[PDB]
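What's in data_39.cif: mmCIF, C-alpha atoms and all ligand atoms
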data_run
loop_
_atom_site.label_atom_id
_atom_site.label_comp_id
_atom_site.auth_asym_id
_atom_site.auth_seq_id
_atom_site.Cartn_x
_atom_site.Cartn_y
_atom_site.Cartn_z
CA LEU A 1 77.31 198.70 206.09
CA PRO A 2 75.39 199.80 209.22
CA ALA A 3 76.88 198.64 212.53
CA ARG A 4 73.73 196.68 213.45
CA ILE A 5 73.61 194.77 210.15
CA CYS A 6 77.38 194.16 210.32
CA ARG A 7 76.77 192.29 213.60
CA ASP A 8 73.29 190.79 213.17
CA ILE A 9 73.97 189.40 209.66
CA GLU A 10 76.09 186.72 211.38
CA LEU A 11 72.96 185.37 213.14
CA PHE A 12 71.08 182.51 211.50
CA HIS A 13 67.75 184.23 212.28
CA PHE A 14 68.73 187.55 210.65
CA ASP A 15 65.98 189.32 208.67
CA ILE A 16 67.21 191.39 205.69
CA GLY A 17 64.69 194.22 206.35
CA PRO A 18 62.16 196.09 204.17
CA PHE A 19 64.60 198.24 202.14
CA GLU A 20 65.14 196.58 198.72
CA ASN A 21 67.99 198.91 197.75
CA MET A 22 69.98 197.53 200.70
CA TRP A 23 69.81 193.84 199.68
CA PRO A 24 72.33 193.91 196.79
CA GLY A 25 74.98 195.33 199.15
CA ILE A 26 74.06 192.62 201.66
CA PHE A 27 74.62 189.94 199.00
CA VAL A 28 77.86 191.51 197.77
CA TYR A 29 79.11 191.83 201.35
CA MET A 30 78.24 188.17 202.06
CA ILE A 31 79.83 186.87 198.85
CA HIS A 32 83.00 189.02 199.24
CA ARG A 33 83.19 187.83 202.87
CA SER A 34 82.71 184.19 201.74
CA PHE A 35 84.61 189.20 191.83
CA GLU A 36 84.70 192.01 189.28
CA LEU A 37 82.63 194.51 191.33
CA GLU A 38 81.04 196.18 188.29
CA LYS A 39 79.93 192.88 186.69
CA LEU A 40 78.64 191.59 190.01
CA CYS A 41 76.31 194.55 190.65
CA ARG A 42 75.28 194.40 186.98
CA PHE A 43 74.51 190.65 187.39
CA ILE A 44 72.57 191.22 190.63
CA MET A 45 70.39 193.97 189.10
CA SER A 46 69.47 191.74 186.13
CA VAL A 47 68.62 188.82 188.44
CA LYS A 48 66.39 191.09 190.52
CA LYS A 49 64.62 192.29 187.33
CA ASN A 50 63.89 188.66 186.39
CA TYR A 51 62.17 188.07 189.74
CA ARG A 52 58.43 188.66 189.88
CA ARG A 53 56.09 190.57 192.17
CA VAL A 54 54.65 187.50 193.81
CA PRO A 55 53.89 187.22 197.53
CA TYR A 56 56.58 184.67 198.54
CA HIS A 57 58.88 183.39 195.76
CA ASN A 58 60.26 186.86 195.06
CA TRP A 59 63.52 188.82 195.19
CA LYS A 60 63.38 189.20 198.99
CA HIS A 61 63.07 185.44 199.31
CA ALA A 62 66.16 184.87 197.15
CA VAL A 63 68.44 187.10 199.25
CA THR A 64 66.98 185.53 202.41
CA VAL A 65 67.85 182.04 201.11
CA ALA A 66 71.32 183.29 200.11
CA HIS A 67 71.83 184.71 203.61
CA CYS A 68 71.03 181.38 205.24
CA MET A 69 73.67 179.75 203.01
CA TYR A 70 76.11 182.47 204.03
CA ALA A 71 75.50 181.71 207.71
CA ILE A 72 75.93 177.97 207.25
CA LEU A 73 79.16 178.48 205.29
CA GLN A 74 80.59 180.92 207.88
CA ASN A 75 79.91 178.53 210.79
CA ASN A 76 81.44 175.60 208.88
CA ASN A 77 84.83 177.12 207.88
CA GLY A 78 87.07 174.83 205.79
CA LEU A 79 84.44 172.30 204.68
CA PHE A 80 83.62 173.81 201.27
CA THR A 81 85.92 175.19 198.60
CA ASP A 82 86.06 178.86 197.54
CA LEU A 83 84.33 177.84 194.27
CA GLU A 84 81.60 175.86 196.03
CA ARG A 85 80.96 178.84 198.31
CA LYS A 86 80.64 181.21 195.31
CA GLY A 87 78.45 178.77 193.33
CA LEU A 88 76.15 178.05 196.28
CA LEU A 89 75.55 181.70 197.12
CA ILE A 90 74.80 182.44 193.45
CA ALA A 91 72.59 179.35 193.18
CA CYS A 92 70.56 180.59 196.16
CA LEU A 93 70.16 184.07 194.71
CA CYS A 94 69.00 182.61 191.38
CA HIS A 95 67.04 179.47 192.34
CA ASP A 96 63.52 181.04 191.99
CA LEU A 97 64.16 183.24 188.92
CA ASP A 98 60.93 183.94 186.99
CA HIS A 99 58.78 182.17 189.62
CA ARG A 100 55.09 182.97 188.92
CA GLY A 101 53.71 181.60 192.19
CA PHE A 102 52.69 178.17 190.91
CA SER A 103 54.04 174.70 191.53
CA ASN A 104 55.38 172.13 189.10
CA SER A 105 52.08 170.25 189.51
CA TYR A 106 50.00 173.19 188.23
CA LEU A 107 52.30 173.71 185.21
CA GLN A 108 51.86 170.03 184.44
CA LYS A 109 48.06 170.14 184.81
CA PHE A 110 47.93 173.44 182.87
CA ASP A 111 49.97 171.77 180.09
CA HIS A 112 52.41 174.68 180.28
CA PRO A 113 55.10 174.59 177.52
CA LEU A 114 57.84 174.35 180.20
CA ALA A 115 56.44 170.94 181.21
CA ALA A 116 56.85 169.66 177.65
CA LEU A 117 60.42 171.00 177.70
CA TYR A 118 61.33 169.81 181.24
CA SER A 119 59.33 166.74 182.34
CA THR A 120 60.86 166.62 185.83
CA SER A 121 61.78 169.49 188.21
CA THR A 122 60.22 171.82 185.60
CA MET A 123 60.63 175.23 187.23
CA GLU A 124 64.05 174.41 188.64
CA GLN A 125 65.42 173.48 185.20
CA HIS A 126 63.97 176.71 183.76
CA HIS A 127 65.53 178.76 186.58
CA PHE A 128 68.99 177.33 185.86
CA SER A 129 68.41 178.03 182.15
CA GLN A 130 67.47 181.65 183.01
CA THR A 131 70.56 181.94 185.19
CA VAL A 132 72.79 180.78 182.31
CA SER A 133 71.20 183.33 179.97
CA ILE A 134 71.79 186.19 182.43
CA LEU A 135 75.44 185.08 182.81
CA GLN A 136 75.71 185.23 178.99
CA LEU A 137 74.62 188.89 178.75
CA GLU A 138 77.36 191.40 177.83
CA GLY A 139 79.04 192.61 181.03
CA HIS A 140 77.29 189.94 183.16
CA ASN A 141 79.90 187.15 183.27
CA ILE A 142 80.88 187.35 186.91
CA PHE A 143 82.96 184.18 186.38
CA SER A 144 85.25 185.82 183.77
CA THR A 145 88.47 185.50 185.83
CA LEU A 146 87.93 181.74 186.21
CA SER A 147 89.23 179.22 183.70
CA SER A 148 86.81 177.39 181.37
CA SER A 149 87.21 174.22 183.44
CA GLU A 150 86.34 176.11 186.64
CA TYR A 151 83.57 177.95 184.77
CA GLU A 152 82.02 174.60 183.70
CA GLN A 153 82.53 173.37 187.27
CA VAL A 154 80.80 176.26 189.04
CA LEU A 155 77.81 176.08 186.63
CA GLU A 156 77.47 172.39 187.47
CA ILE A 157 77.49 173.13 191.23
CA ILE A 158 74.81 175.79 190.55
CA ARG A 159 72.63 173.52 188.38
CA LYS A 160 72.56 170.71 191.00
CA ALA A 161 71.91 173.13 193.86
CA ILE A 162 69.04 174.88 192.04
CA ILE A 163 67.49 171.50 191.06
CA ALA A 164 67.75 170.48 194.76
CA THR A 165 65.30 173.28 195.75
CA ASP A 166 62.59 171.07 194.19
CA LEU A 167 61.08 169.82 197.45
CA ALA A 168 59.92 166.66 195.67
CA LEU A 169 63.59 165.59 195.65
CA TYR A 170 64.19 166.40 199.33
CA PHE A 171 62.45 163.33 200.71
CA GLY A 172 64.60 160.69 199.02
CA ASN A 173 67.74 162.79 199.41
CA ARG A 174 67.34 163.16 203.14
CA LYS A 175 66.37 159.51 203.57
CA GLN A 176 69.57 158.45 201.80
CA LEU A 177 71.69 160.89 203.86
CA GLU A 178 70.06 159.74 207.13
CA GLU A 179 70.93 156.11 206.40
CA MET A 180 74.50 157.09 205.43
CA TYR A 181 74.87 159.03 208.66
CA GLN A 182 73.46 156.28 210.91
CA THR A 183 75.58 153.52 209.34
CA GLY A 184 78.79 155.62 209.42
CA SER A 185 79.21 155.36 205.61
CA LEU A 186 78.76 159.11 204.96
CA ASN A 187 81.97 160.45 203.32
CA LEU A 188 82.22 164.20 202.61
CA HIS A 189 85.25 163.54 200.39
CA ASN A 190 82.97 161.45 198.20
CA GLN A 191 81.56 163.76 195.51
CA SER A 192 78.19 161.97 195.24
CA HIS A 193 77.70 162.13 199.02
CA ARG A 194 78.93 165.73 198.94
CA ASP A 195 76.31 166.62 196.29
CA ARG A 196 73.60 165.14 198.53
CA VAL A 197 74.74 167.21 201.52
CA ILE A 198 74.67 170.35 199.34
CA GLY A 199 71.13 169.35 198.29
CA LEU A 200 70.07 169.23 201.94
CA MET A 201 71.80 172.57 202.59
CA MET A 202 69.77 174.00 199.70
CA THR A 203 66.53 172.65 201.21
CA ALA A 204 67.48 174.03 204.64
CA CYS A 205 68.18 177.52 203.21
CA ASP A 206 65.09 177.53 201.02
CA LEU A 207 62.81 176.75 204.00
CA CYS A 208 64.70 179.03 206.43
CA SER A 209 61.60 181.15 207.13
CA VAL A 210 60.64 178.44 209.63
CA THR A 211 63.96 179.05 211.45
CA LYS A 212 63.41 182.77 212.13
CA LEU A 213 61.96 184.19 215.31
CA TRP A 214 58.20 183.75 215.65
CA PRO A 215 57.00 187.23 214.63
CA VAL A 216 58.87 186.92 211.32
CA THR A 217 57.88 183.30 210.72
CA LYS A 218 54.23 184.05 211.62
CA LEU A 219 53.98 186.94 209.07
CA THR A 220 55.75 185.05 206.29
CA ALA A 221 53.14 182.28 206.55
CA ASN A 222 50.60 184.74 205.11
CA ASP A 223 52.82 185.10 202.04
CA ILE A 224 53.16 181.39 201.28
CA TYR A 225 49.41 180.73 201.63
CA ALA A 226 48.59 183.75 199.41
CA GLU A 227 50.49 181.95 196.63
CA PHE A 228 49.13 178.50 197.58
CA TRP A 229 45.51 179.69 197.67
CA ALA A 230 45.82 181.49 194.29
CA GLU A 231 47.06 178.21 192.79
CA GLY A 232 44.06 176.44 194.32
CA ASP A 233 41.83 179.00 192.55
CA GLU A 234 43.56 178.37 189.23
CA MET A 235 43.23 174.63 189.81
CA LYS A 236 39.49 175.11 190.38
CA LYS A 237 39.43 177.11 187.11
CA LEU A 238 40.90 174.02 185.39
CA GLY A 239 38.03 171.96 186.84
CA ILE A 240 40.36 170.25 189.33
CA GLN A 241 39.81 170.05 193.10
CA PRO A 242 43.04 171.24 194.76
CA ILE A 243 44.84 169.62 197.70
CA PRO A 244 43.79 171.15 201.07
CA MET A 245 47.01 173.15 201.36
CA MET A 246 46.01 175.20 198.31
CA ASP A 247 42.30 175.37 199.08
CA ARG A 248 41.42 178.74 200.71
CA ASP A 249 38.24 177.01 201.96
CA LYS A 250 40.51 175.16 204.41
CA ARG A 251 42.30 178.21 205.86
CA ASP A 252 41.00 177.42 209.37
CA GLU A 253 43.14 174.23 209.31
CA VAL A 254 46.34 176.18 208.62
CA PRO A 255 47.88 175.57 212.10
CA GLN A 256 47.29 171.82 211.67
CA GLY A 257 48.76 172.01 208.16
CA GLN A 258 51.83 173.78 209.53
CA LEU A 259 52.16 171.04 212.19
CA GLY A 260 52.06 168.52 209.34
CA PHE A 261 54.72 170.40 207.43
CA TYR A 262 57.09 170.82 210.36
CA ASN A 263 56.76 167.14 211.38
CA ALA A 264 57.12 165.70 207.85
CA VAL A 265 59.60 168.06 206.23
CA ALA A 266 61.20 170.81 208.32
CA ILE A 267 62.20 169.13 211.60
CA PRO A 268 63.61 166.02 209.85
CA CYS A 269 65.47 168.34 207.48
CA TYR A 270 67.28 170.44 210.13
CA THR A 271 67.73 167.38 212.37
CA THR A 272 69.68 165.60 209.60
CA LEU A 273 71.56 168.75 208.70
CA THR A 274 72.57 169.29 212.34
CA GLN A 275 73.79 165.64 212.52
CA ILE A 276 76.07 166.19 209.50
CA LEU A 277 77.02 169.84 210.27
CA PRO A 278 76.74 170.34 214.07
CA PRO A 279 77.21 174.17 213.87
CA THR A 280 73.81 174.41 212.04
CA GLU A 281 72.05 173.50 215.34
CA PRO A 282 70.51 177.03 215.76
CA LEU A 283 68.40 176.40 212.64
CA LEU A 284 66.95 173.29 214.32
CA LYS A 285 66.37 175.04 217.66
CA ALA A 286 64.49 177.93 216.02
CA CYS A 287 62.46 175.45 213.95
CA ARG A 288 61.54 173.52 217.10
CA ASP A 289 60.53 176.82 218.78
CA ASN A 290 58.24 177.68 215.85
CA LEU A 291 56.70 174.19 215.98
CA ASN A 292 55.90 174.87 219.62
CA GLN A 293 54.29 178.21 218.61
CA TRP A 294 51.97 176.52 216.12
CA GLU A 295 51.02 174.06 218.87
CA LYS A 296 50.06 177.02 221.14
CA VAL A 297 47.92 178.55 218.33
CA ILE A 298 45.93 175.30 218.16
CA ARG A 299 45.49 175.38 221.94
CA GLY A 300 44.00 178.85 221.31
CA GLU A 301 46.81 180.55 223.24
CA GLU A 302 48.40 182.22 220.19
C1 LIG B 401 57.98 178.99 205.14
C2 LIG B 401 57.51 177.83 204.31
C3 LIG B 401 58.25 177.44 203.20
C4 LIG B 401 57.85 176.37 202.42
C5 LIG B 401 56.69 175.70 202.74
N1 LIG B 401 56.28 174.63 201.96
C6 LIG B 401 55.13 173.94 202.29
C7 LIG B 401 54.75 172.79 201.37
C8 LIG B 401 54.39 174.33 203.42
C9 LIG B 401 53.12 173.65 203.76
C10 LIG B 401 51.98 174.38 204.00
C11 LIG B 401 50.98 173.49 204.26
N2 LIG B 401 49.66 173.72 204.55
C12 LIG B 401 48.88 172.58 204.74
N3 LIG B 401 47.51 172.72 205.03
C13 LIG B 401 46.85 173.99 205.33
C14 LIG B 401 45.36 173.73 205.43
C15 LIG B 401 45.14 172.32 204.93
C16 LIG B 401 46.49 171.65 205.03
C17 LIG B 401 49.44 171.30 204.64
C18 LIG B 401 50.79 171.16 204.32
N4 LIG B 401 51.42 169.91 204.23
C19 LIG B 401 50.89 168.57 204.51
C20 LIG B 401 52.03 167.71 205.14
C21 LIG B 401 51.85 166.20 204.96
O1 LIG B 401 51.31 165.81 203.69
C22 LIG B 401 50.09 166.47 203.39
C23 LIG B 401 50.37 167.97 203.20
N5 LIG B 401 51.53 172.27 204.13
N6 LIG B 401 52.78 172.34 203.85
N7 LIG B 401 54.80 175.41 204.18
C24 LIG B 401 55.94 176.09 203.86
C25 LIG B 401 56.35 177.15 204.64
MG MG B 402 61.14 177.24 194.57
ZN ZN B 403 62.90 179.33 197.05
#

Can you present the structure in this file as structure tokens?
Amino acid sequence: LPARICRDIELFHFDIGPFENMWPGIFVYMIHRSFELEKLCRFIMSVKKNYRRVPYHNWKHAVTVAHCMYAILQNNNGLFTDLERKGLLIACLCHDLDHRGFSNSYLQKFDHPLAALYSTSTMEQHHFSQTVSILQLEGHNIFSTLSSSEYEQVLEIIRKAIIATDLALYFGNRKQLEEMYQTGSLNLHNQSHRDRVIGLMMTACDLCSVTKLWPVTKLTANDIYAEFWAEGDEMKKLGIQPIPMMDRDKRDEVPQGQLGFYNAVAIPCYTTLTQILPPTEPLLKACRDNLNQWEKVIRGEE
């Protein structure tokens, strides 16, 4: 891989660039550095094909989330098993499979068939189900050299991690982790605690846009709102007044909305993550920097 990417990929704030045909080799590099090479590529290409041309929750997003996981895992050597590392990187690549740019709330209000099938964490459950189906295509079982027991195990890791990208679950998960940390009861050798930490890692990776340098973070914000505002339109088509976040009428309040989001979700997230895994600190610093940028925008300086 290019010398610059070889080096810069180790940075938390790395951007994977605009060349799509480079991203598979970035993922393969990361996952080799953290498989049957033919099956892997085959698997990656099918996953890519199941992603949609939507502004934010797309193929680029998936590799970006996977990269963040890579960086966390590299800077916390010895904490997670070889399996967990494989499962988590795959989970990240697959977590938004078949995303159509709408939230679980809209699918519910639309009375989408997936909401009858999966009452809770609707999209996330469907994404895992899609992932399993891709794995079950001829020549796509990247876990073929594992035993059945380890196969079942890695799928379980993947399922929980994908489900954890439902931001509705973040709030209780992080609250529980925070109290475990502050009381000294947090035990990484406890599987249930360990699952929670992985959940928070998944949230941290999924939101990692907010931990890039400002020019990246600033531009990506256009992508998330393009999805959010289209959902607000569809909500209005259902005869339902959307929440401000998804109302394009309220686009002038975007800086204030971002402030809200960083204060309520993103800062607490990386703060807790940094407490549990100190080497993730750069994610929190970059997040804090971006919060400061949004504050300057509101002052009319940016
Ligand atoms: C990069 C990234 C990734 C995920 C994100 N998820 C959310 C939910 C948000 C987000 C956006 C937003 N916009 C808001 N408004 C814009 C104009 C009116 C309000 C408001 C919010 N969140 C408020 C925070 C407190 O509860 C009320 C909603 N968010 N969040 N940003 C993300 C950014
Ligand atoms: Mg998602
Ligand atoms: Zn995502």

Range 141-242 of chain A near range 43-54 of chain A within 8 Å: what's each residue's closest atom pair and its distance in Å to one decimal, counting only C-alpha atoms, ordered by chain then ascending residue number, as JSON lines?
{"residue": "A:141", "atom": "CA", "partner": "A:43", "partner_atom": "CA", "distance": 7.6}
{"residue": "A:142", "atom": "CA", "partner": "A:43", "partner_atom": "CA", "distance": 7.2}
{"residue": "A:227", "atom": "CA", "partner": "A:54", "partner_atom": "CA", "distance": 7.5}

What does the list of residues within 8 Å of ligand MG 402 (chain B) look like if you count all atoms listed in the file, written as a PDB file with C-alpha atoms, in the frame of the given file?
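So the final result, stored in pocket-v9.pdb, reads:
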ATOM      1  CA  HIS A  57      58.880 183.390 195.760  1.00  0.00           C
ATOM      2  CA  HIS A  95      67.040 179.470 192.340  1.00  0.00           C
ATOM      3  CA  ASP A  96      63.520 181.040 191.990  1.00  0.00           C
ATOM      4  CA  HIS A  99      58.780 182.170 189.620  1.00  0.00           C
ATOM      5  CA  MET A 123      60.630 175.230 187.230  1.00  0.00           C
ATOM      6  CA  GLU A 124      64.050 174.410 188.640  1.00  0.00           C
ATOM      7  CA  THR A 165      65.300 173.280 195.750  1.00  0.00           C
ATOM      8  CA  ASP A 166      62.590 171.070 194.190  1.00  0.00           C
ATOM      9  CA  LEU A 167      61.080 169.820 197.450  1.00  0.00           C
ATOM     10  CA  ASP A 206      65.090 177.530 201.020  1.00  0.00           C
TER      11      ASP A 206
END

Residue nearest ligand ZN 403 (chain B) among A:98, A:178, A:152, A:195 (counting all atoms listed in the file):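 Closest to ligand ZN 403 (chain B) of all the choices is A:98.
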
Residue list as a ChimeraX atom specification for point (74.0, 174.0, 188.1), cut-off 10 Å, all atoms listed in the file: /A:87-88,91,95,124-125,127-129,131-132,152-164

Shortest interatomic distance to ligand ZN 403 (chain B) - which of A:202, A:291, A:266, A:6, counting all atoms listed in the file: A:202

Protein and nucleic residues near ligand LIG 401 (chain B), 10 Å, only C-alpha atoms and all ligand atoms, as a PyMOL selection string: chain A and resi 56-57+167-168+203-212+217-225+228-229+243-266

Best match for closeness to residue 69 in chain A among A:144, A:192, A:104, A:201, counting only C-alpha atoms: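 Comparing A:144, A:192, A:104, A:201 against residue 69 in chain A, the winner is A:201.
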
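Remark: for ligand ZN 403 (chain B), the closest of the candidate residues A:40, A:26, A:92, A:188 is A:92 (distances computed over all atoms listed in the file).
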